[PDB]
Amino acid sequence: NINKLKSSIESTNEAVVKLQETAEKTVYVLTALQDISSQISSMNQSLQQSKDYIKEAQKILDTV
Amino acid sequence: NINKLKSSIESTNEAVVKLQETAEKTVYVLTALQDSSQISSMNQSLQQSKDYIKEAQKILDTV
Amino acid sequence: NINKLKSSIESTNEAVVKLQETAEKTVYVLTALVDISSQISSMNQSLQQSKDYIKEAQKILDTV
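Residue numbers (the entry's author numbering), protein chains in the order written: chain A, 143 to 176, 455 to 484; chain C, 143 to 177, 457 to 484; chain B, 143 to 175, 454 to 484.
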């Protein structure tokens with residue numbers, strides 16, 4: 143149960159890291175608008469991963 | 143405390159889902175731009470993220 | 143351990159708050175397309469802190 147929480151929290155954290163990775167690409171593209457398409461595809465990749473990680477976190481947490 | 147932690151985490155995770163939704167719309171607009458309501462939509466989802474995280478901290482304080 | 147879980151999640155929540163601050167600056171910039457540069461600069465600062473906070477979260481969590 144304690145282990146249950148830890149494993150779940152870990153997925154939440156990776157989900158957050160994925161959002162941070164996505165947010166840094168945002169800064170790059172916004173800067174630029176003053455390669456972008458490959459940055460956009462990249463954002464999509466890390467965003468889907470964030471979503472994948474959060475669903476896992478939620479799936480686990482439910483087990484508590 | 144275990145049940146309180148759980149209840150607190152659920153809000154955190156909801157907060158993250160909202161940011162992801164906010165990031166979805168961000169990607170849309172950026173994609174649109176390199177080829457107003459999307460914006461209104463970002464605000465709604467971001468504010469819910471705030472409410473969720475706020476709630477998470479409140480329950481967390483009871484632990 | 144519960145004291146530790148609370149400690150790590152605490153940091154996790156801080157990180158989320160910083161991502162929210164970064165998202166707020168993004169909406170502003172997207173709406174401007454104000455002070456894009458300044459705006460894009462706060463985004464970066466906000467994101468960095470978020471990053472610092474998640475790493476502290478991951479660190480504490482490992483103590484569980």
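Ideal Cβ positions, reconstructed from N, Cα and C, are used throughout, including at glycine.
Are any of the Cβ atoms in chain B nearer than 9 Å to that of residue i?
i      : result
A:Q162 : yes
C:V169 : no
A:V159 : yes
A:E476 : no
A:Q176 : yes
At which residues does the alpha helix (DSSP H) containing residue i begin and terminate?
i      : result
A:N145 : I144 to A174
C:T483 : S458 to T483
Counting only the same chain and skipping the five closest in sequence on each side, list residues whose C-beta sits under 7 Å from that of residue i.
i      : result
B:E163 : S466
C:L161 : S470
A:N143 : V484
B:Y473 : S153, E156, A157 and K160
C:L147 : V484
Does the CB of residue i have a neighbour CB from chain C at under 9 Å?
i      : result
B:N155 : yes
A:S149 : no
Return yes when at least one heavy atom of the ligand NAP lies under 8 Å from the C-beta of residue i, else no.
i      : result
C:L147 : The model depicted lacks the ligand NAP and carries no ligand whatsoever.
Closer than 9 Å, CB to CB, is residue i near chain A or not?
i      : result
B:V454 : no
C:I460 : no
C:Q465 : no
B:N143 : yes
C:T173 : yes
I'd like the list of long-range same chain contacts for residue i, defined as Cβ closer than 6 Å, with 5 residues on each side in sequence excluded.
i      : result
A:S150 : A477, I480 and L481
B:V171 : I456 and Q459
For residue i, which residues from the same chain have a beta carbon less than 8 Å from its beta carbon, with the 5 sequence-adjacent residues on both sides left out?
i                     : result
A:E166                : none
residue 99 of chain B : This structure gives no information on residue 99 of chain B, because the portion of chain B shown stretches from 143 to 484.
B:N145                : none
Between residue i and chain E, is the shortest Cβ-Cβ distance under 9 Å, so that the two count as touching?
i      : result
C:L467 : The displayed structure is made up of protein chains A, C and B, and chain E is not among them.
| request: For the segment 146-159 of chain A and the segment 466-484 of chain A, state whether three or more C-beta atom pairs, one from each stretch, are separated by less than 8 Å. | output: yes
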